[PDB]
*Asks:* 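One structure, pasted below without further comment.
Chain letters run A, B, ... following the sequence lines, proteins first, then strands; residues in each count from 1.
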Amino acid sequence: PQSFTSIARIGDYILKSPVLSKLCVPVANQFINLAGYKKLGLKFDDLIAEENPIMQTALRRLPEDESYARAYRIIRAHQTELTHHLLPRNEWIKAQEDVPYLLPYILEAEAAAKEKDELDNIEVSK
Amino acid sequence: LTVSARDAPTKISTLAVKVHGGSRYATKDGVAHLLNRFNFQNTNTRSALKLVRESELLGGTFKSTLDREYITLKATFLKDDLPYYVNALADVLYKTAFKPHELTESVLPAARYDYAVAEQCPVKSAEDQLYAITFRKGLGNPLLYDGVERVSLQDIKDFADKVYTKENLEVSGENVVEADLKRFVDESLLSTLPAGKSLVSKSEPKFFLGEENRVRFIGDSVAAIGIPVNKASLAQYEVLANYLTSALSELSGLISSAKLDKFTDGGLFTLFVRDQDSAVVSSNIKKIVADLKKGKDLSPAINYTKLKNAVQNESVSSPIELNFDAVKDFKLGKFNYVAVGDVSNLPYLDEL
Amino acid sequence: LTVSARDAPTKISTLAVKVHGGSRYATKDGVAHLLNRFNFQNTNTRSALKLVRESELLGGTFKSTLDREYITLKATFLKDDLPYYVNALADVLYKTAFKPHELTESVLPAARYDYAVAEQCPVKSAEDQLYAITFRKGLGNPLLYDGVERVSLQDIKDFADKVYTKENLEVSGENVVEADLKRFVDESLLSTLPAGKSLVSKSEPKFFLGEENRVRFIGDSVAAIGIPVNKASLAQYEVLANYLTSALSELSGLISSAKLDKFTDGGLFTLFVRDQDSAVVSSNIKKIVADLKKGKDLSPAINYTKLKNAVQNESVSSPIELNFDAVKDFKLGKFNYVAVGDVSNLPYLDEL
Amino acid sequence: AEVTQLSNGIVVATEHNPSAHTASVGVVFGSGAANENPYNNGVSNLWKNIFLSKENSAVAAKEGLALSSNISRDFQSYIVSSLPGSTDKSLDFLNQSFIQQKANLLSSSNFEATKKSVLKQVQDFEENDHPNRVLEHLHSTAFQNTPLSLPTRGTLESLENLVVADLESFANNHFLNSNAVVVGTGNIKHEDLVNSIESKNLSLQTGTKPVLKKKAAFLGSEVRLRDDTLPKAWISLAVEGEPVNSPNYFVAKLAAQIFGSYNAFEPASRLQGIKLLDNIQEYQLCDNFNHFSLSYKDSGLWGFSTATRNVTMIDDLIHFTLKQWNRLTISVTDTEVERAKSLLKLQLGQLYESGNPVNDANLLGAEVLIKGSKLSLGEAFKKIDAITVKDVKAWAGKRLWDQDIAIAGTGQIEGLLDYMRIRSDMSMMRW
Amino acid sequence: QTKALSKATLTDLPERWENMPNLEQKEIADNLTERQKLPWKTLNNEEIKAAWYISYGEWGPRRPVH
């Protein structure tokens, strides 16, 4: 329930700084490797919890081929952990392949919902 | 960028940007309907929700209308709110977002609703059949998108790039200062649109005569005739269209509707007979053309025609200014014919 | 009451009662279709369930087919069960119940299914448009009920006792002893049927040439040409229909299909070019008419169509006894034309 | 009726019917798509379609001959039909272009056009024809890694590696005198066919076909080609059935005829004497079904196929039809057997006794090729009339009661339950 | 002068070589012996895998003890 605009704001302030990007990005990459969702054949945007209207609009607005790829990666992850194994090492999601694909859709749906709730509580300056 | 305005001592202004981008100029069947239904969606700087909320708090409404020749962007508002509505129309023409999630969620269901309510009237069905058999691939393009040829989003962006040019639009204000409007349509984004070319032709639209089309339909039956009109014979067919639906005629108990659509380069006179059973509309349309093939004098209906033309060109102040004084007689020549409904009981063209 | 049979030393008999009661003889639109879907419902002495569950135990099935001329009542059964099936078909013709609950529960949903399955094929649409613009009120009737003019139950009863008359039917039996079939068709309820009039007319069906019709449709687009054929030049057009689809012609890869529907007073030659995109259909139909307007030597295809006519007269036993030897040349004259589908990109009759 | 003789190398079979107006000769080989690898899959389709090329069929059309051919699992036929006086023009055509001089057919610029149209044909098969592609997937998952698992049309990935060398290699290995029946149906007589096949000295090839190293074995399995963008749900489901030359061949045909076929939209298909209809009609569980008994050389299949739009109640459709299958083991009645006897005699009569002599040529060729002769229709009827209720109960206890099944499905088959619930439906707990 | 074999009868030979109807084992060994007579830069590397496997593959007499 942290909004992705907050995460993106803190993350962009980290990434555009010279000093703490070169400190904080290696510990993030080690965190990503130790997380081990890639060993199950999942990108990170398959991990975002989808039972909220923002993620439902983002998954509805996601294009058709990306949605089929996401559905296969989820079904393969369920089938993999059902057998208590991992995917073989040639089937792991590589680091250049782990892209944020759902993130622009989530960000525009979140900006639309925040603009909606700012306009619903608007006050004219009379 | 013709900018004209007509002042008044009046509370409510209105402001229309008319582009030549209607169904006459559609590169695919119904790309103009989708651009029209797309018009007041969100732009780059302002969302579509924010425009509706800010315009309500300022006190006005937007509308986008599609006919055969034009796409009209109208804004009705309180009088001293002019540069907001000018910049809103300029932003809509210049920088609309053209998002696929707006095509698939709000524009395509609205267009599907438009086509589904226009299908239920057999008069609009017969009217577009009439346009299609009189003019073929000019004005005979369909008004509304029905998905017969698939229109993608890049087609809508290409059509908007074609028709939203600086040479193809007219800014037309009512109850508004012309010096203020002319100051506000430059000092704007209407003055940095592409200066393309105006798509209107000065030629004649290549009509066709003696054609016939029959389509089956469940409901009311409509028999319709249609006559293409050149530019110089426009006033005579308008006096006929007002004579045939008035009390001067013996035929308006039979004629359900009759009108004349006027364009820059001519027009089309349409006549519709509509009823729920086919024997009535069959005998009616036989009587109409049998007594229109003998002549009719229309000089009784000239003053009535001047009145109806005044009350229907009071709204828009770009009318055609016909003369009406030199019209005397009419005799029906050749004409196109459309049956809609119970077509195996409606008469054929060679039986009229 | 023309009874004819044809023995064989085999296991399956096939009776057929064919009635001149097709769409060409329909009073209102689709009454032949509704009577056809009504055919094997319950009688006054035996239910429709009892008929099916006794015919299954005796080893045979009933069917009834509709086309433009005929309503065919076919019974395929094991060879030595013949009097049961002649009494079954005699009861269906003489005494069928005509209950309104049967109209609203079985027959109207079956007819609605038939119309909805034939509506999706654009070749059936183009074929009925072709028939309707060639022949207007006889053979050009709609084949299936679609509810544009409302058919009551009394209309179906009136059509049933108009066409189920003793002079308007033939009884034809494959693998039946002819003496026993003739003994079983009298001593039956085909002797009590009214000796009405035979509805077939030995005139010519008053065709029309040069007509054109365009139908909007979502999906495959079809361009169809249609030529009415008299009784004399019937076999020239059959040789043409078998020449255009065989490998003898270079146009067989462009033609989707081509056939000649034959009647007792002429027929209609139809040719369909169908695919999913209008550029190929336009290109192909322009090539077809530009090649057929020059001559085609049809004399290579004579023995081929002799074989094809023997093949298609094995299934039916309606012999028309065509010459095939005096057929030398073809050149296309005047023809009706139907464009179904993306009709803003299909060519008109002007351009063919 | 049927007569069958053996020449120097060729077996000849005729079914003379003197009241026909076409005669039809041809050659039926004995190696369909069950004699291919997974890598040359689609060779028999390419031979079917280069036998029916436009330049091969124009030569037949100038002489008044119509070509036909059929690719199946076991056999494949190449049939030339014409008028009764011109049987030797057909034998001459079949000899001089298919049998001996097949170097003009296998031209490049003919092979390329035929391969292109065959690729387009199977591409439009794999995405538009849904009941037949799930019957092919039922075959490909019931008999997997054995030769009966191959689609007869081939495969788009397989067909685009084929060259003319593969076609002529298959021709050398399988188009042989030891593998072929020369058929004649229509009103061609037998003595004239043998006199004109020894008048020309017709010889096909002289080798012997390779014998396959493994037989077809039924593996209880499933495959789910689910696609939520389709309107219906197509489900085929089958057990291992009887192969041909079984003693239980007609018992399997009769047991499939007990449950018959059904169409929801034909009013005389709702009034049949099947006890499954008054379970699946109340909520309209299916649009159609058909119960098949497919028999091959090695193995067989017995089951059903349905298409339904009631995608929420697929599992109860499957449950009700399998609980109707259980009645064959336990409580099938006398009346269902008599009704299926009459309907099976009618169905076999319409299949064999039909006007078309191309179909008679295919049937006679495959039957005489697999068992050396052809069973007459009177003997088939006397073998159908002898079936009792105990034969159906014994056959269903053997082949149906608590056996592994093979499932194939496409469309909206989310509502179709897993393998184990459907397999546990195959035997009720004696209630 | 014997040219190269088809692709789609030698793709992945070392796994379907033993499910092989045993006549075509002979008419795939002999043309490989024929094709070896050429200069050895002629040969495509699909057959050099196949020619090695028929000679030195772990099948038949080179089957493992268990």
*Asks:* Show the nearest heavy-atom pair for residues D/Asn40 and D/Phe170, with the distance to one decimal.
*Replies:*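 What the structure gives for the nearest pair is ND2-CD1, 4.4 Å.
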*Asks:* Output, in order, the C-alpha distance, side-chain angles, deciding distance and verdict of salt bridge (charged side-chain N to carboxylate O under 4.0 Å, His left out) for D/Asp166 and E/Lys7.
*Replies:* CA-CA 9 Å; D/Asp166 292 298; E/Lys7 209 175 66 50; over 6 Å; no
*Asks:* Are D/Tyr78 and D/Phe98 near enough that their ring centres are under 6.0 Å apart?
*Replies:* yes
*Asks:* Within 45 degrees of the ring normal and closer than 6.0 Å to the centroid, is that where the cationic atom of D/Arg133 sits relative to D/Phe125?
*Replies:*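 Cation-pi check for D/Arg133 and D/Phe125: fails.
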*Asks:* Could you go step by step and tell me if D/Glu127 and D/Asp124 meet the side-chain contact (heavy atoms from CB on, under 4.5 Å) rule?
*Replies:* CA-CA 6 Å; D/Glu127 69 198 26; D/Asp124 289 332; 4.2 Å; yes
*Asks:* After noting the C-alpha distance and the side-chain angles of D/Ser354 and D/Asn356, does the key distance pass the side chain to side chain donor-acceptor pair (under 3.5 Å) rule?
*Replies:* CA-CA 6 Å; D/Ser354 178; D/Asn356 206 13; over 6 Å; no
*Asks:* Side chain to side chain donor-acceptor pair (under 3.5 Å), that's the test. Do D/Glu242 and D/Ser295 meet it? Break it down for me.
*Replies:* CA-CA 6 Å; D/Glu242 305 295 295; D/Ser295 301; over 6 Å; no
*Asks:* Does any non-hydrogen side-chain atom of D/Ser57 lie less than 4.5 Å from one of D/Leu52?
*Replies:*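 The answer is no; the side chains never approach within 4.5 Å.
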*Asks:* Scan D/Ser69, D/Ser77, D/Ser24 and name whichever one has a side chain to side chain donor-acceptor pair (under 3.5 Å) with D/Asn362.
*Replies:*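 Per the side chain to side chain donor-acceptor pair (under 3.5 Å) rule, the option paired with D/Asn362 is D/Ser77, out of D/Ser69, D/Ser77, D/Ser24.
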*Asks:* State, with a plain yes or no, whether a side-chain heavy atom of D/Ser97 is found less than 4.5 Å away from one of D/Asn56.
*Replies:* yes
*Asks:* Assess the residue pair D/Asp92 and D/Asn95 against the criterion (side chain to side chain donor-acceptor pair (under 3.5 Å)); give the C-alpha distance rounded to whole Å, side-chain angles, the decisive distance to 0.1 Å, and a yes or no.
*Replies:* CA-CA 5 Å; D/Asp92 278 10; D/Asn95 187 13; 5.8 Å; no
*Asks:* Could you walk me through whether D/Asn161 and E/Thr11 satisfy the side-chain contact (heavy atoms from CB on, under 4.5 Å) test, starting with their C-alpha distance in whole Å, then the side-chain angles of each, then the deciding distance to 0.1 Å, before giving a yes or no?
*Replies:* CA-CA 10 Å; D/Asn161 291 154; E/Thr11 57; 5.7 Å; no
*Asks:* Determine whether the aromatic ring centres of residues D/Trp47 and D/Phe175 are separated by less than 6.0 angstrom.
*Replies:* yes
*Asks:* State, yes or no, whether a side-chain contact exists between D/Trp234 and D/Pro131 at a heavy-atom distance under 4.5 Å.
*Replies:*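 Yes, close enough: below the 4.5 Å cut-off.
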*Asks:* Decide salt bridge (charged side-chain N to carboxylate O under 4.0 Å, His left out) for D/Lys297 and D/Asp74; before the verdict, give the C-alpha distance in whole Å, the side-chain angles of both, and the deciding distance to 0.1 Å.
*Replies:* CA-CA 7 Å; D/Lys297 204 186 302 190; D/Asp74 298 323; 5.3 Å; no
*Asks:* Check the pair D/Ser7, D/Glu198 against side chain to side chain donor-acceptor pair (under 3.5 Å), reporting the backbone distance first and the verdict last.
*Replies:* CA-CA 8 Å; D/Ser7 301; D/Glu198 80 192 14; 5.7 Å; no
